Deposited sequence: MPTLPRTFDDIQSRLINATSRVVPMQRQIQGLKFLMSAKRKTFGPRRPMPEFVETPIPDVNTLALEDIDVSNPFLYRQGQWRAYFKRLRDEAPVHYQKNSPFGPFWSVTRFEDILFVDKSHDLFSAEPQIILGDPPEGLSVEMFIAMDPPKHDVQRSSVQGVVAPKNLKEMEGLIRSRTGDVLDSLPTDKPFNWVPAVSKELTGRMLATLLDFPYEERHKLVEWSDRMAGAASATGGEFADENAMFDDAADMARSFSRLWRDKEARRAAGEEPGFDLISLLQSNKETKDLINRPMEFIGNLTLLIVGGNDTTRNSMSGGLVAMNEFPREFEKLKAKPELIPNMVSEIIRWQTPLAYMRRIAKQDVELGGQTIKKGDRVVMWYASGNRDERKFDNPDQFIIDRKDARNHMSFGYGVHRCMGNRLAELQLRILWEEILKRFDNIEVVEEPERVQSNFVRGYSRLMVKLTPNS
């Protein structure tokens, strides 16, 4: 797979409609994504690009149209992939890229790990880790929030969800980064197929051991609240290792789904607060805004820019005809900035009344399974921030990640001022 090398993105008004290529993974880093999507929403809301490095595709960029595509599982398929391109020549079936009814069967089998009753049992540990992390950070001198907080809290969460050995939690993050980030799939920075195969093999050995280990301990160990515990308590799933593709798939999806999304929500809120510092004063006055703010963070950031589908038949949309078999990209990042839905869509407004109606988790049968865990982690982060810090300043332009899919930060230099 060829690497994507950064070059300067031209002003969108300099281009013919036919030439707008929103698969470029530097649109986010260079700040051009907003104007590019505005033009599409306004002049070509259902747009066909016949020429791209990932092959041809439709872009759907308005909020209401994206809702329709996402909810229309009768017209659009999630199979075989939901990223714009393709993973390497043969690398792990996951229910995010499956249609009902098989989709439903697989998702039902793992969804209890994020049931409300279950999340209630994790809350104390999340809060204690969050507090410990924030207590460890330097004050009045800049540090990189991305490894210090966002990645650190996330890797700990991911290990808790499996019962993954805590001292090896980094491997979950690294394995997930390499998959999420294949150049061939998302225009991401990872171009070595061999390292992916090694990760795939190593992750399958690691999961297979942890399963056999936990079976051995469950003898007389009480089950915890992790996914593997729960799967080996439900009679339908207790044999899951005897179906290798479903076993590796469901576990991998859980880890990949919550890895960069939560990390980038955790980083993105500081970026939005730094761009609209009045909001942080508003928050300090009205701390009961935290739950609505979490929604507004998630909007505003939109951690995953899109999900892709294939048209099961010809479909009329936005004054066009999507043909059977065409790839179709639902641009959440565009829909969350659609002024037809959200007034002043680029402003971060903690008390925005319809923040909860964001599409960052999508809608329909694939709507994010981990949505409540993400919201719980983020509320707790901000509760714990608000107890400790009078200000939280970003001191350098953030470095943003190369990807058409992930909307994230690799460097975020922050200076904290304690309250007393």
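Point out each run of deposited residues with no C-alpha coordinates, keeping the order of the sequence.
Residues missing from the model, as numbered along the full deposited sequence, span 1-48, 140, 268.
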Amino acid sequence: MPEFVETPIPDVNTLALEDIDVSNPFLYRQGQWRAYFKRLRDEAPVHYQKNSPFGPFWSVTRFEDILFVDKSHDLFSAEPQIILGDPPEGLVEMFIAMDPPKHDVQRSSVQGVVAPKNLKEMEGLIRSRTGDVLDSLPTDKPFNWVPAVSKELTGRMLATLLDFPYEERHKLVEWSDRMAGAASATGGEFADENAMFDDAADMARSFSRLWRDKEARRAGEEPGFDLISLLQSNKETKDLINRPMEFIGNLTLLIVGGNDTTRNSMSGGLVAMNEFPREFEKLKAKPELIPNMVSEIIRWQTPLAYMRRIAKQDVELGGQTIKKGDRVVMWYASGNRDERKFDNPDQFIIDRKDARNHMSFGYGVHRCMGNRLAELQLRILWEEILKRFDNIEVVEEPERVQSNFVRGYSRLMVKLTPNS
From here on, numbers count along this sequence of modelled residues.
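Using only C-alpha atoms and the B-factors in the entry, which stretch averages higher, 385-393 or 35-43?
It is 385-393 that shows the higher mean C-alpha B-factor.
Which is higher on mean Cα B factor in this entry, 144-152 or 219-227?
Per the deposited B-factors, the answer is 219-227.
Which one of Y306, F348, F247, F76 shows the biggest C-alpha B-factor in the PDB entry?
Checking the PDB record, the top C-alpha B-factor among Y306, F348, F247, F76 is at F247.
Taking the Cα B-factors listed in the entry, which of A285, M273, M330, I83 comes out highest?
That would be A285.
What third of its chain's C-alpha B-factors does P277 belong to: lowest, middle or highest?
Middle third - that is where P277 ends up once the chain's C-alpha B-factors are sorted.
Using the B-factor values recorded in the entry, state whether the Cα atom of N234 falls in the lowest, middle or highest third among the modelled residues of its chain.
Top third by C-alpha B-factor.
Based on the deposited C-alpha B factors for this chain, I'd like to know if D343 is in the lowest, middle or highest third.
Ranked within chain, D343 CA B lands in the middle tercile.
Taking only the Cα B-factors deposited for this chain, tell me whether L416 sits in the lowest, middle or highest third.
Middle third, going by the recorded CA B-factors of the chain.
Lowest, middle or highest third: which one holds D260 when the chain's residues are ordered by CA B-factor from the entry?
Ranked within chain, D260 CA B lands in the lowest tercile.
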